[PDB]
Structure formats: structure tokens, C-alpha cells
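Structure record follows, encoded as C-alpha cells.
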Amino acid sequence: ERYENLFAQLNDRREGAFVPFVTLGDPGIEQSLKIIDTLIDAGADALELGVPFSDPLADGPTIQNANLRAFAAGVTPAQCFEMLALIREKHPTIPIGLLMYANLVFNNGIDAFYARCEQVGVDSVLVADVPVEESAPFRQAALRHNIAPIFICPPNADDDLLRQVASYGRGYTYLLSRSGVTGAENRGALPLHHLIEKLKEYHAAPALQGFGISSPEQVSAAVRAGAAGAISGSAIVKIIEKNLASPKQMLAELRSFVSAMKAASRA
Amino acid sequence: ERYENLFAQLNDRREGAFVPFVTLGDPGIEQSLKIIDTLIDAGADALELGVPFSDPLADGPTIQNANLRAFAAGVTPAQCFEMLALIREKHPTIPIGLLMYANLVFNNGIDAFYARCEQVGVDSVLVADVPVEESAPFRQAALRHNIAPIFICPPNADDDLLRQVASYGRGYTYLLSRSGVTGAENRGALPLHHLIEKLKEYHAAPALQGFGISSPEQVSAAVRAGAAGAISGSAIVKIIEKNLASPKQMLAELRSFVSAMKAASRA
Amino acid sequence: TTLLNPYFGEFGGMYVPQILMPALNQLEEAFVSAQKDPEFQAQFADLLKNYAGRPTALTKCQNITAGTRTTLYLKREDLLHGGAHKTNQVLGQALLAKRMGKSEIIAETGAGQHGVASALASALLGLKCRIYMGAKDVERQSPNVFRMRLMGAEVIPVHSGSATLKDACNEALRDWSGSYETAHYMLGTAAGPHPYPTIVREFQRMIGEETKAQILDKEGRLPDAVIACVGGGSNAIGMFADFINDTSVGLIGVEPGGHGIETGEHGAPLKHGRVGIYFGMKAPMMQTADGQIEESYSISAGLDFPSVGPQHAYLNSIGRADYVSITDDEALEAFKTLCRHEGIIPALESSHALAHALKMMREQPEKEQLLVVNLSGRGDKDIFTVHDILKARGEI
Amino acid sequence: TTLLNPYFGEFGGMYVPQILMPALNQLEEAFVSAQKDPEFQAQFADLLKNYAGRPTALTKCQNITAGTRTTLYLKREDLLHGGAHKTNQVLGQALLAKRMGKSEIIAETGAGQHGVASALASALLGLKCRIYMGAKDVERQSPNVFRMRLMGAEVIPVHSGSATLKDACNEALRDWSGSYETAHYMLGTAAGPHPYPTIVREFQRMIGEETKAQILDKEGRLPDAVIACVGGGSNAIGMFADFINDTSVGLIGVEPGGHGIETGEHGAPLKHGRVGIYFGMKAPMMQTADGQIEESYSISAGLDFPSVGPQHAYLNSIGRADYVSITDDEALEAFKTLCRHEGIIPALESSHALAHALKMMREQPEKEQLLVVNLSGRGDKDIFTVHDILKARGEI
Ligand SMILES: *Cc1c(COP(=O)(O)O)cnc(C)c1O
Ligand SMILES: *Cc1c(COP(=O)(O)O)cnc(C)c1O
Ligand SMILES: N[C@@H](Cc1c[nH]c2ccccc12)C(=O)O
Ligand SMILES: N[C@@H](Cc1c[nH]c2ccccc12)C(=O)O
Ligand SMILES: O=P(O)(O)OC[C@@H](O)CO
Ligand SMILES: O=P(O)(O)OC[C@@H](O)CO
Ligand code: NA
Ligand code: NA
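Residue numbers (our numbering), protein chains in the order written: chain A, 1 to 267; chain B, 1001 to 1267; chain C, 2001 to 2396; chain D, 3001 to 3396.
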């Protein structure tokens, strides 16, 4: 219900959403909790949070290293769910979306994972390595525990995939900017206007553009092209990696970037 | 003519021949000339002399090292023929037999080799790696220059080989004690009486037993078995190798051994 | 929607990011089309016979089995060009890439044998080959890295994660997700997302097809069992495939036992792992209690992989095939025994399969049994590993 | 008296000590008897097909010859068990030894390939194998020495003379002269005393016999020329033999040029040596002016031998075959070229034959010619030698 309330309030303000991504526990549990509180205080409309995984095959070097740093801190999935419970208790309205890899969802049982997500107040789950064609047991478990199943609309999506993502997606639609893996250095070079209008025609969940979004002008271009907002991951994580030696300067630069990206979402 | 005169004089004395072998130029040219003069002065009836060769495939470790030492002294075949000329000028009656490998005989022409042998006064040539079946051009060149072609009677010789060695051999017949290669540590273990009498029946050149002869009792056993004498090589060369550090003690031990071996030839 | 079933029972699937699904759909369709195209089969057969050296011999080992009632044959994939069975399927996949109009090849490798196999196929057929290899494996396998570069391939070290095979597997999929319009991913075993387990099996099934015709000609009957090592599953399923409907023929797969199952240092996920989802498939996997992909171990690098192909998990599940494990020392003993008694230096990979066959023979020496071991490769590449172990143990 | 002519024109013969002549006579008679015995040919064929992997492929290299009118085929002796052509004749000689009732095997080796080939044949057929090897070569060839010992052979270092191949040849003949009643001398090339040049040729002539039938099936006509490297002469005469009476087919043997003929550091006695008598034969030899056997050189150890088989000297004398030389750098270039364009790592030995074929093609690119190169072995054993040379030259 949090996504539907967020997109309604943003629509009333003629506003798009800015949704940063960080890996939970990067570079440590305490600093990550302080990182996340800084993102929200700087104007983040929603959160996308990754659980450290040994083999993040959809991520570029920036988030590969984020998973490596959290591994160096000994961050476990059980510790991530204790963070999620505290984050939800700190911020009752912001939508919390998880970006998972399939094995961590499947490990202790698919149903038990989404039941744990419901207990801690997670609003949506995207499983990076489960396509729509394999998503049946995952989306059923999500909906049974009031979790929105997030589906990807890639730039080469045919009409059949557009209808499935619209018919089975909830909360928001992940509008992929480009092929490849995550990375701020690589920017999507295909206008996504036709996919945005096709998703609206099929009553899909509001579209958030992700992959490559690292500048304010990209957030504004996504909102102007018809998307409900934009997701930024590697650009956020690079600020963490850049300021690992100065945790205070890390929070200061995260606040300046997120505030600038959020201001770009105002139409 | 020297072999025929030697065997006649030895037969008049009821005596066998003791024929030592050394490699020419081992361990040096001067010491080898002094070695050879010591062998004769100690009672050697005839000489068998090897020319240093790179690959003596019929010789055991003792004479392998003799060829190696003469190689270390830089002894060439041309230098060996200058030694042979001096040895013949020093001792006009003792038979001088060469023990060659085929390549050194073939190198400058087969005919030119035996012509050089005639010039320096060599009496016989044995080519270790030329069997009777391949001996035609070698024995023709030898006889053209008054050189006795020496043939081997091995212990496993059939009757056909006995007749050929008898029909084509001159000077002496090399009666092989055993199979294998040269070496004083290995002694022939087959009574050669039947081969000795068969060679005499076919009017072969007088038989000299070689390979393994290292003790006085072996010389006496060879003479008693009917052979005209015995050849000793590795036992002589071991005295050279043993006393390389003391050239004076080398000549003293060579004299004691040769004198003892020659005394064993008296029947 | 797919043309073929992506699952073997509950195992398999296509667990890749959404962006890669068109690449898998295109590959399945081109494969299904190629299998019906006689021009494709003739070109494949032409490369297998006149370039790779097929058919390979089926050698009867009489010295090995003396004193017992076991008759042992070795399927001689060690005589295949490149010295391993991998050459079969890389020639097929390279033709598939050309069928799809691709000009570039992506490959992962750990021991280096699939990297060499991918490099020689690409050099022959005019393909640009880039190979991902864990930085730890690049250091362990300097000879194979040089072979790849001798044949023009680009070898890219992978420093992420544990810097080994599973990390090279990630990087190949990362690359493919941004290049599949021009590059084909030449996966190196009968595992990963559909249709790769099916494709690699069909491109290796000539092993069993030849074995059947050869054993029928020489013995007049089918084998009592065929035995093959299982690292990813390609040489085993290639031997198994044509015998699956022959229910009297036993199918025995041998996983690496490493230093011992109880030590945790092994590579036997099918019998001692836990089902998970990784590398585009649902399959048994060596993983932590939290679900992190664990590191496997074997003396044989070619069997060092934390997971296994989904068709083997299915064949085990229904009891059509049995799977066992062989330790380092057992494989080492089989290695030395084949050298001494048959004059054949086997790959340490294949030594695991031979070791179990020797165990079947020795434990029940009066049991009459006709066994075929798939000698998946030659062991000249392993003599340094065998030397240092025997030298450290004072055996030499 | 012999059953067969021991000479090829003026070359050859039986120049051994008298004690060894019965051993040569026995060997010739057992060979002549075996050649008429269908049971011997069936056992030999059974070992060649089902153990060694015959027949070997004849591979057409289309990338190599692009832009020219040369069609090049490679006779794939690199796919033979052991990775070299030597396996053919050692299986035949081992059967001859068993035919004569011998239980022990004597072998000489320099590069180590014939030692490995003798060891695997002896292990298979239940023969005790002792191998003589120059101490310098024992140090240069640690991997091959380990392979021999893995297969149960005794490797005896030879420190006499120059401590290399010709010195190991001496020691094998020294041993044989005192053991030939129970041990057979498995000579490693088509050289030495009669009947070894004849025996090794007949035990290798399936190379040319297969090449003829294969080239007739694929091209419909005989080759314009067959090209083979010549170290001792066995792989060359094995390719040449069946084409000798086909006077339109050229026969081209390639001797190692080393650092250059003018440098004196080469291994080309047939064209740049002098006729002498050594190793039981009269043949061209590298020797000093005084007649001492000289040391040859090549980047390829398998071609490092100061002499050559007598039938090659005869074929050259009458103009039936032509003999050329290829330097180290030319062989190295052919090595790298075959890796990059055909995905085949050739032996540095065989690289000499390929280098001349590339020269025939490049020098006259518009000449229409059908060429067959005998790829006598694989080059995995040579990658360390190639690596260090390219590393020292800064090329890598
Ligand atoms: C690579 C390899 C293996 C393991 O691969 P699979 O897919 O499990 O067959 C086994 N044997 C050899 C010789 C190999 O090179
Ligand atoms: C030993 C070898 C040679 C040289 O031997 P030949 O008798 O001259 O044929 C040539 N090629 C290879 C691969 C060898 O192993
Ligand atoms: N590790 C072996 C085989 C291999 C390649 N890719 C694999 C994937 C999974 C399991 C094994 C493999 C090699 O690289 O040659
Ligand atoms: N040197 C090579 C080939 C060889 C063996 N014996 C020979 C005799 C002469 C010439 C070459 C050879 C090897 O040992 O494997
Ligand atoms: O890293 P980027 O390229 O911003 O991709 C977004 C991803 O991190 C979260 O979906
Ligand atoms: O060395 P031995 O065994 O004595 O042999 C004799 C030989 O040296 C001369 O013919
Ligand atoms: Na595995
Ligand atoms: Na030569």
C-alpha cells in the first residue's frame, strides 16, 4: 500500500520519485544504517536495498565491491532482516524494496523468505535472476504476504512481455535503461517513451527507470518521458567507496547528491 | 711377417703371447709413449693400440674413460700415427696391432688409412664395428699394404663363421672370451677348447684370447686350452686410471703386472 | 514460452536476468533448427571426423582386470584433438554461433581445458574468442593460459568474489547480458540455464552412441554399467545419453571426494550439497547455511565446481543413475595404476571414474561384469601435480 | 648372409661388432616371418586401431592457405596415442620381441618421446623396459623422464662422451651386445644397422598408405608432394614409402637448420654432413675433419641427431626425394601460425615440415599445388620452450 500512497502523493505534487539503492551492511552495519537515514533525510522517496550475495551476476564492479565490503564486515542475511525491521520502524511511510538474488530467497524456503519480509515491513521484492517466465512461485509467495512482486521491462521487450509485466507486477515496474549490468559509467541510449506508454495502456504498475542513472538531468528526462521516477544505485555506491576513509564526509556527499537528484524529479 | 716370426719363436720356447692393450695418448702423448715402452720392457710380446674415438661402442667404462682422457689431452689420429712411427722405430720386431672404429678408417679413405698404417709400420688392424660380413673393402685395403686383417671369433660362432675367419684372417685370430663389451671386472665363462681346435683344423691364424683377461691364471688357462696367447686391455688401463696422480708409480705398477702376466704365458 | 522443457523434473530452468531471456530463446530455436538441418549435421560430422579425430577407440584393458571377472573398456576421449572430450561440444556450439550470425565467443574456464577447447574452435572457424578465468586459476594454470593465447584467444582474469570458476561464470554472464546480439556464450558443461544442459548433452552424445555400437561389435551385448566422472556433467551425460532407455545398463557418475566428504573439502554437491538457484539453474549446490555459494575442492581442477548439471540431479532423483564419490588418493592410485599396466596416462578427472571401476572390480572380484569407463581426457597435463604430491610424500 | 639387402645403394649395412651379428640375423628372420604371418598382422592392426587410435585423420587447412592456390592437408599423427608417430613402430617392435621370445626391451632416447613410446608399449605388452638417455637430456627432459617412470620403465642416465643421444645410442648397443638372448633393442628411428631401417619403415608405412587412400577419397588424385621432417627419418619414410613408386608425387624431407647452416649449429647431415660409418650404418653424418662424431643442434630435441637413415641418403642420391632445411625461427613461425589459424599446436619437429610447406606456398602463391604435411606429433610438450624464447625476445 506504500507504493500506491507514494505515487498518489507524488502525482498530486506533479513530482517523480527518486529511489536510491545501497547494499545492506556496506561498509558496515552501523554506517549503512547511518547511510540509509541520510538518503531519506536528503529526500529519497523510496529505498531499494540489496542483501550481500557471494555471486551478484547482474552487478558491475561498483556493486560487486559493495557486496565484497559487506562480506568483509561479516554481514549475514539474518543481520539484514534485523536492519530492515529497524529501518521500517524508523520510517513508517517510505516504500522499502529488496533487490535479491534467487538463492537467498530459495535457501530457507521461498514462502519463509517472503513471510520474513512481511514481518519486517518490506514492501516489494525484486529477484534479479528470476525472469517473468520463472516467477510463478516467487510472486505467489510475495502476494500471500502482501509483498509486491517487481518485474523488469527491458528495452527490447516485445508486446507479450509488456502484458505479463503489467498483469503480474505490483508496486512499481522496473524500467530497464539498457542491456548489460549495473554501473553509473554506462548510460542507456534508447528512448523508452514507447515502452512507458505501452505500460500505461496495459495498466502496469508505475515505471521506475534504473541502470545508469547518475545525474540530475537523467532523473528529469525519465520523468519527462512519462516514467514515475528513477532508480540510482552505482552512483550512490561510488560515493560510499570514494569516502570509505571519512565516514562523515561520506554522509555529507550522499546528502548533496540525493538532494540534487530529488530536486530534479520536480516537474 | 712379424706375427709369423713371433709365434714361431714363442712356439720354439713352448710359450704363449701376452699382448696388452692401451689407448694411444692416454693420459697424454709423452706418458703414453713411456707407458708403451714400459709394457715392452716388462715382457709384452705384441701391442694392441687404440686410436681415441668419440663413440667407442664396444668398450666398457674403463676404456671409455681412456678415450675420454686422451680427448682431454687433445690427441688426434694424426698424432697417433706419429706415435706409431716412433714406436715402430724404437721396437723393430714387436707386432703392432691397431684396434680401430670404422669411421676413423673410412674418414680419409679406406685405402689411405691402411697406406698410412704401412708407412708407419703397423702389422695388423682390427676394426671393432666391422663384422666379417662387411669386411671385404677393409681386408682388401689391408692386404694391399701388407696389413693383417684381424677377425673376431665369438664364443657363439657357427661353423660357417669359423671357416670365414680362418680363410680371411691373417696375423692372429681374436678369440672372444664372452659377449658384452670390454671390461676386466667381467670374465668369460665358456670353455673355448672346441673353437680353438676348430680354428686349428681350418688353418686359422693363431688365436689370441681377449675380453676379461686380468689375472695370470687366465693367461695360463688360455695357453693350456690351446690358444697362442691372451690379450689384456682393461686390466692395463685400470692401472693407468689408478695412478693418474703418480706417473712414476704408474710405470712401476704396469711393469709388475705385465711381468706377472707374461710369466704366466710360459708353459 | 520455450520450444523444449527447460526442466528435468524439478531441476534446471532459466534463472537469468530478464535481459538475457531473448538470448536463451534465440539459442534454443537455433539449436532445434540445427538438429533438423542435415547441412548442419554434415558440417558438424565433418569437423568431428576430419579435425577432432572421431570416432575414438574403445580400448579393452586386459592387464588392469587380471585375476578378476571384470572386463573393462575405456572410451578413449583422451585421443580426441585437444586431449579431452570438451572438443566435441565446442565445435557444435561454434557452428551454432555462426548459424545465429554471431562472430564473437564468450567462455568461462577454471582448469583451462574448456578455455583451450573454446580457443581452438574459435581459431578454426574464424571467431573472436574472449575467455574469463578466475585470477587464482590464471596463476594455477599458466600452461593452459599460454595455449589459449597461442591460438589467439583473449584471456581475462577475474578478481571478483573468490576469483575462481564460479566467479568467471558470473563475469561471462555479465558480459553476455550486454553483448548477446553479436557474441555467443560458449558455456563449458551440461549445466547453467536452459537450453545449455540439453545442447551440451546432444553435442556430446556421440560418446555413448559410439560406445554402444563398439561394445556390441566387440562383446555382442550392452555393458552392465558405464562410469564417468562428474564435474559439471558433460562427459558423463554424453556417455549416459544413448543408454538411458536401456534400463539394464547401469549409469554411474563419480563426483570428486577431495580430501574426504567428512572434511568438507570436496566437490560432490549432487550427493552432499543442497538444492539452490545459481548460474541460471536450480540444482544441487555446495553452499553455506545462509545460501552463499561455497567453494569446492578436488585434486583435479576440471572437477572443481560447486554445482552440477540438472539432468544428473534428475536421473539420481528417479534412480535411473547412481552417483558416488572418489577421493584424491583413490584417483591418484587409479592414475598410477593405468600408467603402469596399460601405458595410458589418464586425466586426473577421468582417474576418478577409473578409481570407482577399480573399486567395483576389487571389492567383488568374482562378480562377472562388463564395465565401460569414459576416459574423458589424457593426463600429460597432470604429471606436474602428480609429481609434486609423490615428491612431498617421499614416494619419489 | 642376410634375407634382405642391407644396403640402400651405397648406404646402410650392418656395421656392428661381430658379437651382435646373430642378434641382427635373428631380428631380420623374425621380421620377414612376421610380415608373412596373418596372425601377426591382425594383432598389430588390433593394437594400432583399438589402442593407438588408427586410422588418424587427414585434416584440410583452409585458413592456412587463404589467398594462395595451395591446398594443404595435415596427416594427423599428433592424434595418435602418445602424441607422436613413434607409437606405430614401437607396437610392432614389441610384438617382434615377443615373437622372438624376448621379455626385456632396450631403448635409447634423446628428446624423450621414443622413451615414452617404448615405455607404454612395454607396459601394455608385459615387457621389462630399460631406457638409456644422455645425462644432459635427462636434465632437459624432466617431464618425459617422469612419464617413462610412471609407466614402469627404468631410465638410465648416460654420462659418457657428450652425454646426449649418440652416447645413449652407444650404451644401448653396449648393453645389447651382452644381453640379446633375452632383451630386444627397440631402436627409435629408421636408422642404425640392418634390418632396423627396413623394419621401422614397414612399421610406419601405414602413415603414407592411409594418406594415399584419404587424399584419393577427398581430392580424387595423388598429392603433388608430401613433406615431413627428418631427424632420424622414421616419420618421413613412413609417409614416403607408399608413394615411392608414384613418380609424380614429390617427396620432400626437412632437416633442422638450427641457427643457420653457415653457423655450423644445425642438424642437417644429409645435405651438409659427410658420409661416415657409425651407429651400425654407413650414412651422412655431422663429423669433425678427423672423423669424430660431431654434435648437432636444433630448437627441436626430436630432430637433434648427428646422422640420418640410409634410405633417405639413397633416395636423395638417385633424385627420388629432395631434402631441404628449416631454421629455428622458421619452425617457430610455423608453430605460431598453425596455432592461430587452425587451432592445432604442432610439435616443433613437425613445425619444420610445415614451415617448408608455408615457404612453398608463400614464395609461389599462384602455383596450384596439393600438399600433404605429415604432422608427426602435437606441440603441448613444446609450449615451455616456445614461451621462454618469446619471453626472452620481448615478444611476450
Ligand atoms: C573438464 C573435464 C571434465 C569435467 O567436465 P564435465 O562437464 O563434468 O564432463 C572431466 N574430464 C576431463 C578430461 C575434463 O577436461
Ligand atoms: C621423434 C620425432 C621426430 C623425429 O623422428 P624421426 O625418426 O626423424 O621421424 C619427428 N616428429 C616427432 C613428433 C617426433 O616425436
Ligand atoms: N573447469 C573445467 C571444466 C568447466 C568449464 N566450465 C565449467 C562450468 C561448470 C563446471 C565445470 C566447468 C575447465 O575450465 O576446463
Ligand atoms: N630424439 C628423439 C627421436 C629419436 C630416438 N632415437 C633416435 C635415434 C636417432 C635419431 C632420432 C632418434 C627421441 O628420443 O624421442
Ligand atoms: O547501479 P545502477 O546502474 O544505477 O543500477 C541500479 C541498480 O543499482 C539498482 O536497481
Ligand atoms: O678390456 P678387455 O676386457 O681386456 O678386452 C680387451 C680389449 O681391451 C682389447 O682387445
Ligand atoms: Na561439481
Ligand atoms: Na639427423
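Beta carbons are placed, not taken as given, at the ideal position from N, Cα and C, and that holds for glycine.
Quiz item: Any heavy atom of ligand 1 within a distance shorter than 7 Å of the CB on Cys2229(C)?
Solution: yes
Quiz prompt | Own chain partners of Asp3380(D) with C-beta closer than 8 Å, once the 5 adjacent residues on each side are dropped | solution = So the list reads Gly3083, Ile3345, once near-sequence residues are dropped.
Self-check item: C-beta atoms of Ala3190(D) and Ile3237(D) nearer than 8 Å
Solution: yes
Quiz item: Under 8 Å between C-beta atoms, does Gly2260(C) make it to chain A?
Solution: no
Quiz item: Less than 7 Å between the CB of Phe3305(D) and some heavy atom of ligand 8, yes or no?
Solution: Answer for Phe3305(D): yes, Cβ within range of ligand 8.
Quiz item: Taking 7 Å as the cut-off, does the CB of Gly121(A) come closer than this to any heavy atom belonging to ligand 3?
Solution: No, the beta carbon of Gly121(A) sits no closer than 7 Å to any heavy atom of ligand 3.
Self-check item: Nonlocal neighbours in the same chain, by C-beta distance under 6 Å from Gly233(A), ignoring five residues either side
Solution: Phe21, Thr182
Self-check item: Per-residue contacts from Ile2019(C) into chain A (C-beta, under 7 Å)
Solution: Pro154, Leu176, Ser179
Quiz item: Counting contacts by CB-CB distance shorter than 8 Å, is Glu82(A) in contact with chain C?
Solution: Closer than 8 Å to the CB of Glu82(A) there is not a single CB belonging to chain C.
Quiz item: Should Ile3318(D) be labelled buried (16 or more other beta-carbon atoms within 10 Å of its own) or exposed?
Solution: With fewer than 16 other Cβ atoms within 10 Å, it is exposed.
Quiz item: Among residues of its own chain, excluding the 5 on either side of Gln249(A), which ones have a beta-carbon nearer than 7 Å to its beta-carbon?
Solution: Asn243
Quiz item: Comparing the CB of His3085(D) with every heavy atom of ligand 2, is any distance shorter than 7 Å?
Solution: yes
Self-check item: Beta carbon proximity, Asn1146(B) to chain D, threshold 8 Å
Solution: For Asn1146(B), the answer is no, since every Cβ of chain D falls outside 8 Å of its Cβ.
Quiz item: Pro216(A) by DSSP, collapsed to three states: which one?
Solution: The answer is helix: DSSP assigns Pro216(A) an H, G or I state.
Exercise. Pick helix, strand or coil for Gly2377(C), following the three-state DSSP scheme.
Key: strand
Exercise. Report whether the distance from the Cβ of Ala3283(D) to the nearest heavy atom of ligand 2 is below 7 Å.
Key: no
Quiz item: Which one or two residues does DSSP pair with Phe1053(B) in a beta bridge?
Solution: For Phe1053(B), which the question treats as bridged, DSSP gives no partner whatsoever.
Exercise. Compute the Euclidean distance between the alpha carbons of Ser1135(B) and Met3148(D), then round it to the nearest angstrom.
Key: 39 Å
Quiz item: Is the CB-CB distance between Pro95(A) and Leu39(A) below 8 Å?
Solution: no
Exercise. Can you check DSSP and say which residues form a bridge with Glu15(A)?
Key: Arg266(A)
Quiz item: Considering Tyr3185(D), what are the terminal residues of the beta strand (DSSP E) in which it resides?
Solution: 3183-3185
Quiz item: Per DSSP, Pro149(A) forms a beta bridge with which residues?
Solution: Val125(A)
Quiz item: Any beta-carbon of chain C closer than 8 Å to the one on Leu3124(D)?
Solution: yes
Exercise. Return yes when at least one heavy atom of ligand 5 lies under 7 Å from the C-beta of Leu175(A), else no.
Key: Look at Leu175(A): its beta carbon is at least 7 Å from all of the heavy atoms in ligand 5.
Quiz prompt | Residues that DSSP places opposite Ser2307(C) in a beta bridge | solution = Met2285(C)
Quiz item: Looking only at C-alpha atoms, which of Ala1235(B), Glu1082(B), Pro1137(B) sits nearest to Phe1257(B)?
Solution: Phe1257(B) has its Cα closest to that of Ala1235(B), out of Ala1235(B), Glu1082(B), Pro1137(B).
Self-check item: Heavy atom of ligand 6 within 7 Å of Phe1021(B) beta-carbon
Solution: yes
Practice problem: Note down, one range per segment and in chain order, each beta strand (DSSP E) of at least 3 residues found wholly within the stretch 2160-2215 of chain C. | Solution: 2183-2185
Quiz item: Which word fits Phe1081(B), buried or exposed, when buried means at least 16 other C-beta atoms lie within 10 angstroms of its C-beta?
Solution: The residue is buried, with at least 16 neighbouring Cβ atoms inside 10 Å.
Quiz item: Between which two residues does the alpha helix (DSSP H) carrying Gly2238(C) extend?
Solution: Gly2238(C) -> alpha helix (DSSP H) spans 2234-2240.
Quiz item: Between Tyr3180(D) and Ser3234(D), what straight-line distance do the alpha-carbon atoms span, to the nearest angstrom?
Solution: Near 23 Å, if we compare the C-alpha coordinates of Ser3234(D) and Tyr3180(D).
Quiz item: Is the shortest distance between the beta-carbon of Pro3143(D) and the beta-carbons of chain C less than 8 Å?
Solution: Chain C, which has a Cβ nearer than 8 Å to the Cβ of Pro3143(D), makes this yes.
Quiz item: Would a check of beta-carbon distances place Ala85(A) closer than 8 Å to chain C?
Solution: no
Quiz item: Taking Cβ-Cβ distances below 9 Å as the criterion, which residues of the stretch 2274-2299 of chain C are in contact with chain G?
Solution: In the structure shown, chain G cannot be found, because the protein chains are A, B, C and D.
Quiz prompt | Whether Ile2227(C) touches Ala2357(C) by CB criterion (8 Å) | solution = yes
Self-check item: Interface residues of chain C facing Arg3340(D) [CB-CB closer than 8 Å]
Solution: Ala2123, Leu2150, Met2151, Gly2152
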